[PDB]
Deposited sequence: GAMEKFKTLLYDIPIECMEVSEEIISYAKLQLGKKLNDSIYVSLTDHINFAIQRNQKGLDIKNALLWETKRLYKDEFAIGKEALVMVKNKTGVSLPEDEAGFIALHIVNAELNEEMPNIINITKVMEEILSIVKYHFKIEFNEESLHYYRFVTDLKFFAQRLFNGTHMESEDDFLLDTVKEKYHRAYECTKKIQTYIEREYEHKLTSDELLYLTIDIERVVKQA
């Protein structure tokens, strides 16, 4: 049919692919405890089928977002890791960890129809800090610059740490930027105080250093 490709997989689907897809999703539902978009069954059936085909032809894939996925979508990644074990059990094929990341993203997609609290929290703090810098210097960001990319990535790092409750050193590296980049540091202090008072969270010396350099790079 001319419209078959929009709604169904266009090939003879191996039963084993459907079996492992169901096994993975059953485990995902057990761990997450939330409803998942039924299309996850289609997406994983197809994904595992071609993941195996790639491995069989000697193509070892690489996932550019592997580490960020592991950190930001910890629960989905854990399921993705177990999924690779299930695939090995079913087919005898050992897929690279990179595939656990892609499986994790398929699960995230199936979860998009309900709010994701941790993501909302992290993005909220990022927005708040960006707002402080914009207002302090009365500037608009060049969101295409590599410096802005570094800045926003650092802010996500900070926000993640804040909501993970992870507790951590040496101010020697900060005392130096304080002198040369004093204007940027004035804003760093405002952010430090805001975060400590609003979230009872203390940024580390390293975070304050990165924040100061980031502000200097993006504002100048």
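Regions of the deposited sequence not represented in the model: Residues missing from the model, as numbered along the full deposited sequence, span 169 to 170, 223 to 224.
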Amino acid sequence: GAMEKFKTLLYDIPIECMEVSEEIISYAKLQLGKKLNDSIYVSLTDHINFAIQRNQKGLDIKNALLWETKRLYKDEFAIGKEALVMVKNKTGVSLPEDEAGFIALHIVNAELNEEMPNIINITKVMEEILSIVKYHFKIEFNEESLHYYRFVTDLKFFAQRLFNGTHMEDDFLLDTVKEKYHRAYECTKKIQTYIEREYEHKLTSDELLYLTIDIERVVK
From here on, numbers count along this sequence of modelled residues.
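Comparing 135 to 143 with 102 to 110, the one whose average Cα B-factor in the PDB entry is higher: Comparing 102 to 110 with 135 to 143, the higher average CA B-factor belongs to 135 to 143.
Higher-scoring stretch by recorded Cα B factor average, 6 to 14 or 196 to 204: Higher mean C-alpha B-factor: 6 to 14.
Residue of maximum C-alpha B factor among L36, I48, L155, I61, per deposited coordinates: The record points to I61.
Which of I52, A184, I40, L174 ranks first by CA B-factor in the deposited coordinates: Result of the comparison over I52, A184, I40, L174: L174.
Entry-reported Cα temperature factor of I191, expressed as the chain third it lands in: According to the entry, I191 has a C-alpha B-factor in the chain's lowest third.
For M168, the third of its chain into which the C-alpha B factor falls: Answer is highest: the recorded C-alpha B-factor places it there.
Third of chain Cα B-factors occupied by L162: Answer is highest: the recorded C-alpha B-factor places it there.
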